[PDB]
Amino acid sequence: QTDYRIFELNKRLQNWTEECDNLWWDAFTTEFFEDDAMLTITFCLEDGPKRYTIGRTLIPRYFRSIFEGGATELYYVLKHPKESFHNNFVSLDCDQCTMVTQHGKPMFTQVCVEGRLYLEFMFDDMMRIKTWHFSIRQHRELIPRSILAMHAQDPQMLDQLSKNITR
């Protein structure tokens, strides 16, 4: 069943280092995606309705940009994902997917992108992903208390910290 696949995807991601070379991204993408895979992101409808789709040859580019973006960790928290069987494909539909990235110093910001993740896996074509569609509902930006504490008596920094990264 499809759940163990996103287990394995999260576990491989947990091996990322800044040393993770361009070949590692291709081997990661080969392990988890079909040769004709397609990845779509749909953004929240507040700053407009934005949507892009990328083909298999730039899926490595997408994942890599998250770490170039300053993420030190990435994992996907799927909550009671709905699995459905078709003839040639299995569907995984998770309306409570949290995409979690840790960032480093100085703010150690954790970003949590909540939305619906719809996947299509090819039926014993090694259970690799044919379709990836993430529709973002909302996000949360988390601050360690220690960073709040160090700036608690500092209006300048509290103004800095009070503003979101994206929206």
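The first residue of the shown sequence is 1; numbering continues from there.
- Message: Averaging CA B factors per stretch from the PDB record, which one is higher: 25-33 or 46-54?
- Response: Here the higher of the two C-alpha B-factor means belongs to 46-54.
- Message: Per the record, averaged over C-alpha atoms, which has the higher B-factor: 15-23 or 148-156?
- Response: Result of the comparison: 15-23.
- Going by the CA temperature factor in the entry, name the top one among 119, 59, 113, 127. So the option with the highest C-alpha B-factor is 127.
- Message: Looking at the temperature factor on the CA atom of residue 123, which third of the chain's modelled residues does it land in?
- Response: It falls in the top third of the chain.
- Message: Could you place residue 72 in the lowest, middle or highest third of its chain by Cα temperature factor, using the values in the record?
- Response: For residue 72, the deposited C-alpha B-factor lands in the lowest third.
- Message: Which third, lowest, middle or highest, does the C-alpha temperature factor of residue 88 belong to within its own chain?
- Response: Top third by C-alpha B-factor.
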